[PDB]
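The next block is upload-v4.cif, given as mmCIF, C-alpha atoms.
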data_structure
loop_
_atom_site.label_atom_id
_atom_site.label_comp_id
_atom_site.auth_asym_id
_atom_site.auth_seq_id
_atom_site.Cartn_x
_atom_site.Cartn_y
_atom_site.Cartn_z
CA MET A 1 1.01 -20.73 2.91
CA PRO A 2 -0.73 -17.28 2.79
CA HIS A 3 -2.84 -15.96 5.65
CA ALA A 4 -5.46 -13.21 5.35
CA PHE A 5 -4.15 -9.63 5.11
CA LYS A 6 -3.21 -8.07 8.46
CA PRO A 7 -2.26 -4.51 9.62
CA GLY A 8 1.42 -3.94 8.79
CA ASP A 9 1.43 -6.04 5.59
CA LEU A 10 3.26 -4.30 2.71
CA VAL A 11 1.76 -4.35 -0.79
CA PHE A 12 1.44 -2.68 -4.12
CA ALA A 13 -2.18 -1.50 -4.23
CA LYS A 14 -4.06 -1.01 -7.50
CA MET A 15 -6.52 1.83 -8.06
CA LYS A 16 -8.18 2.63 -11.39
CA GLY A 17 -6.06 4.95 -13.51
CA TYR A 18 -2.99 4.63 -11.27
CA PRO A 19 0.10 2.36 -11.52
CA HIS A 20 0.44 -0.34 -8.83
CA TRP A 21 1.45 1.77 -5.83
CA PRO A 22 3.68 1.04 -2.76
CA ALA A 23 1.34 0.84 0.25
CA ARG A 24 0.64 -0.84 3.58
CA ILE A 25 -2.41 -2.27 5.36
CA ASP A 26 -3.08 0.20 8.20
CA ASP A 27 -4.50 -0.25 11.66
CA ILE A 28 -7.74 1.54 12.51
CA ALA A 29 -7.01 3.85 15.47
CA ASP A 30 -9.37 3.82 18.45
CA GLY A 31 -12.18 6.25 17.62
CA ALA A 32 -11.28 6.44 13.90
CA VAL A 33 -13.54 5.74 10.88
CA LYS A 34 -13.71 2.00 10.08
CA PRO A 35 -13.61 0.61 6.48
CA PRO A 36 -16.67 -0.94 4.79
CA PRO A 37 -17.01 -4.74 5.20
CA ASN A 38 -14.52 -6.76 3.17
CA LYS A 39 -12.32 -3.61 2.80
CA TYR A 40 -8.92 -2.82 4.37
CA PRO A 41 -7.59 0.70 5.18
CA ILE A 42 -4.76 1.21 2.69
CA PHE A 43 -2.04 3.77 3.35
CA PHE A 44 -0.26 4.79 0.14
CA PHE A 45 3.42 5.63 0.59
CA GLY A 46 4.60 8.91 -0.91
CA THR A 47 1.15 10.52 -1.31
CA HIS A 48 0.28 9.53 2.26
CA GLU A 49 -3.40 9.14 1.24
CA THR A 50 -5.75 6.41 2.58
CA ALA A 51 -8.25 4.44 0.50
CA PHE A 52 -10.37 1.37 1.29
CA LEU A 53 -9.59 -1.64 -0.94
CA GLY A 54 -10.41 -5.36 -1.09
CA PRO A 55 -7.78 -8.12 -1.68
CA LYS A 56 -8.32 -8.17 -5.47
CA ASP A 57 -6.37 -4.87 -5.57
CA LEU A 58 -3.61 -5.84 -3.06
CA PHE A 59 -0.38 -7.42 -4.33
CA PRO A 60 2.09 -8.62 -1.64
CA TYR A 61 5.26 -6.52 -1.79
CA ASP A 62 7.89 -9.29 -1.64
CA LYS A 63 6.35 -11.20 -4.58
CA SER A 64 5.59 -8.07 -6.63
CA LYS A 65 8.55 -5.73 -6.13
CA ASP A 66 10.49 -7.00 -9.17
CA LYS A 67 7.56 -6.02 -11.42
CA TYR A 68 6.13 -2.90 -9.84
CA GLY A 69 9.01 -1.43 -7.80
CA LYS A 70 10.55 0.87 -10.40
CA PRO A 71 10.56 4.70 -10.78
CA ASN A 72 7.39 6.30 -12.08
CA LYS A 73 6.70 9.84 -13.29
CA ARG A 74 3.64 10.05 -11.01
CA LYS A 75 3.62 12.49 -8.08
CA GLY A 76 4.87 10.97 -4.84
CA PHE A 77 5.58 7.53 -6.33
CA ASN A 78 9.37 7.63 -5.96
CA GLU A 79 9.08 9.00 -2.44
CA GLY A 80 6.75 6.02 -1.96
CA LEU A 81 9.37 3.51 -3.13
CA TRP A 82 11.88 4.95 -0.63
CA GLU A 83 9.38 4.70 2.22
CA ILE A 84 8.29 1.10 1.65
CA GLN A 85 11.92 0.00 1.29
CA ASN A 86 13.46 2.10 4.08
CA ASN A 87 10.87 2.80 6.81
CA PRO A 88 7.52 1.14 5.90
CA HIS A 89 6.23 1.00 9.52
CA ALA A 90 7.01 4.65 10.48
CA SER A 91 4.42 7.26 11.46
CA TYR A 92 3.77 9.44 8.41
CA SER A 93 1.21 11.53 10.33
#
Do you think you could lay out the structure here as structure tokens?
Amino acid sequence: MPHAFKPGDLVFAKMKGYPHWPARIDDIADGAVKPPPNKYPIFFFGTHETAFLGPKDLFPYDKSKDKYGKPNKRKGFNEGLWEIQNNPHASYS
């Protein structure tokens, strides 16, 4: 059965006006800006941007890849597919 989201979990994350996007739940580094309550730090593969999202916008990668894991015209998306599949836990700093 599902647990709560934890750092390292892989997802497609949904933001308004964007396709479901390969992403991971990030850690918050010591000394770094924390998310608002009920929000997780989301690292988007390919674009390498962070946004804060709640679970309603987080789709677990294993369950969702057959729907959302397909090339997209959007900038950085295809890079993003490679990253989540090939090295999703790497430093992209």
Please write the residues picked by the PyMOL selection byres ((chain A and resi 83) around 12) on this file as a PyMOL selection string.
chain A and resi 10+21-24+43-48+69+76-82+84-92
May I have the residues within 6 Å of residue 13 in chain A as number ranges by chain, using only C-alpha atoms and disregarding those fewer than 5 positions away in the same chain?
A: 20-21, 57-58
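Take CA of residue 31 in chain A and CA of residue 16 in chain A: the distance between them is 29.5 Å.
As for CA of residue 35 in chain A and CA of residue 64 in chain A, they are spaced 24.8 Å apart.
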Evaluate the PyMOL selection byres ((chain A and resi 6) around 12) and report residues as a ChimeraX atom specification
/A:2-5,7-11,24-28,39-42,55,58,60
Ranking A:1, A:74, A:33, A:59 by minimum distance to residue 19 in chain A and counting all atoms listed in the file, which one comes first?
A:74
Could range 12-37 of chain A be completed with N, CA and C atoms and returned as a compact mmCIF listing (two decimals), in the coordinates of the input?
# COMPACT_ATOMS: atom_id res chain seq x y z
N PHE A 12 1.80 -3.66 -3.11
CA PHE A 12 1.44 -2.68 -4.12
C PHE A 12 -0.08 -2.74 -4.25
N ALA A 13 -0.73 -1.56 -4.21
CA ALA A 13 -2.18 -1.50 -4.23
C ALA A 13 -2.60 -0.86 -5.55
N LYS A 14 -3.63 -1.46 -6.19
CA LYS A 14 -4.06 -1.01 -7.50
C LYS A 14 -5.37 -0.24 -7.37
N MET A 15 -5.34 1.01 -7.85
CA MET A 15 -6.52 1.83 -8.06
C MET A 15 -6.60 2.18 -9.54
N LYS A 16 -7.84 2.31 -10.01
CA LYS A 16 -8.18 2.63 -11.39
C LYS A 16 -7.44 3.89 -11.81
N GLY A 17 -6.74 3.79 -12.94
CA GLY A 17 -6.06 4.95 -13.51
C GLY A 17 -4.73 5.25 -12.82
N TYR A 18 -4.29 4.42 -11.87
CA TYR A 18 -2.99 4.63 -11.27
C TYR A 18 -2.12 3.39 -11.44
N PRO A 19 -0.78 3.53 -11.51
CA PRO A 19 0.10 2.36 -11.52
C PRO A 19 -0.01 1.68 -10.14
N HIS A 20 0.31 0.38 -10.09
CA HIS A 20 0.44 -0.34 -8.83
C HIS A 20 1.35 0.46 -7.88
N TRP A 21 0.85 0.73 -6.66
CA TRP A 21 1.45 1.77 -5.83
C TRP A 21 1.92 1.22 -4.48
N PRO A 22 3.15 1.56 -4.03
CA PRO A 22 3.68 1.04 -2.76
C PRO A 22 2.75 1.53 -1.65
N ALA A 23 2.33 0.59 -0.79
CA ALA A 23 1.34 0.84 0.25
C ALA A 23 1.45 -0.14 1.41
N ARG A 24 0.70 0.11 2.49
CA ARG A 24 0.64 -0.84 3.58
C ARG A 24 -0.82 -0.97 4.04
N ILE A 25 -1.15 -2.12 4.64
CA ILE A 25 -2.41 -2.27 5.36
C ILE A 25 -2.24 -1.54 6.70
N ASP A 26 -3.11 -0.56 6.95
CA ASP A 26 -3.08 0.20 8.20
C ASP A 26 -3.94 -0.44 9.27
N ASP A 27 -3.64 -0.04 10.52
CA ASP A 27 -4.50 -0.25 11.66
C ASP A 27 -5.62 0.78 11.58
N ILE A 28 -6.73 0.51 12.26
CA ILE A 28 -7.74 1.54 12.51
C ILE A 28 -7.49 2.02 13.94
N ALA A 29 -7.22 3.32 14.13
CA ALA A 29 -7.01 3.85 15.47
C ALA A 29 -8.33 3.81 16.24
N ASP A 30 -8.23 3.62 17.56
CA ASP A 30 -9.37 3.82 18.45
C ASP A 30 -10.05 5.12 18.07
N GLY A 31 -11.38 5.06 17.84
CA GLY A 31 -12.18 6.25 17.62
C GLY A 31 -12.20 6.71 16.16
N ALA A 32 -11.40 6.06 15.30
CA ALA A 32 -11.28 6.44 13.90
C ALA A 32 -12.35 5.74 13.05
N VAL A 33 -12.61 6.30 11.87
CA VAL A 33 -13.54 5.74 10.88
C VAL A 33 -13.06 4.36 10.41
N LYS A 34 -13.96 3.38 10.49
CA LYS A 34 -13.71 2.00 10.08
C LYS A 34 -13.98 1.86 8.59
N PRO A 35 -13.34 0.88 7.90
CA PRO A 35 -13.61 0.61 6.48
C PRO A 35 -14.96 -0.05 6.32
N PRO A 36 -15.54 -0.06 5.10
CA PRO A 36 -16.67 -0.94 4.79
C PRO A 36 -16.27 -2.40 4.97
N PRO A 37 -17.27 -3.30 5.12
CA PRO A 37 -17.01 -4.74 5.20
C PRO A 37 -16.23 -5.24 3.98
